[PDB]
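Below, in structure tokens: the form deposited in one PDB entry, a single chain.
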């Protein structure tokens, strides 16, 4: 086994890991691919998402050529710290983890020609600026940008290993998404100009579509049932002032409870979302059903109900039994067609 020990000692003899390969001679070309083991949950409140990847980088270092019984050295990852590696970082990363349980989750393989393969297991939290105007029927393109921290494009360039569409692969059953659907991803590469120079940036946009099922169950269905309940009052006799006032005030309190609690998981945006409009309109219908009874009660003459002369069924009530359900159905037709 001392043959392979002597090969490693020769490689590291007089080797400077402070210098990128080809420094002052050529541009270091780094080929990258990403295997997404899990696309983690998306946090709307923080406008961030989590992704777990195998981040693979490959480049050629002529100082690491060797001859031996094997053509590839599948080495302990501690060998990585003794050689030069790319200083890749994620531009939109917030707080990432390079896993090291039970050992640093890194592999290093050296081919005899001097090509290096260097992969690591990462958990990246990345910024995804969301536009929530169409929430909860919104779609987002969450980016994942990475590149060199220190080396400009005249020094280090990044490329995708295979075709860009094939250089980012997501595992078949690795979705940790709860309320989003990963429709697909687009792979690109660009250039960023900063105060320190011009840098290659490799981008991947993950296209996410929110699932509406949770908000139908917990927001849209309760709102609709509160509107339907508020219109049950129209079918009670006008001499039921306490009963029809309870209908009006409880549904208004219910809509207020729904309204202030529907944005609890969202960032406090200044603009109004699609769900805000639906709740505001449902509030108007519920508010108008209590104003309607006030008008009916104002034209009630006698304080006794039908068992002398008796009150008549209100014309306002007769038309409200039709107009209110009809206009709420029309709103739902326009609302859902506008956003779906």
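Positions refer to the first chain, counted from 1. Here, rigid core means the biggest group of C-alpha atoms that superpose within 1.5 Å across both forms.
Keep in mind the form deposited in another entry is missing from the figure; the text below concerns it.
Checking 259, 105, 123, 203 for C-alpha shifts of 2 Å or more between the shown form and the other one, after the rigid core is superposed, gives a single hit: 259. After superposing the rigid core, the Cα of residue 159 is displaced by less than 2 Å between the shown form and the other one.
Once both forms are overlaid on the rigid core, the distance between the two CA positions of residue 239 between the shown form and the other one is 2 angstroms or more.
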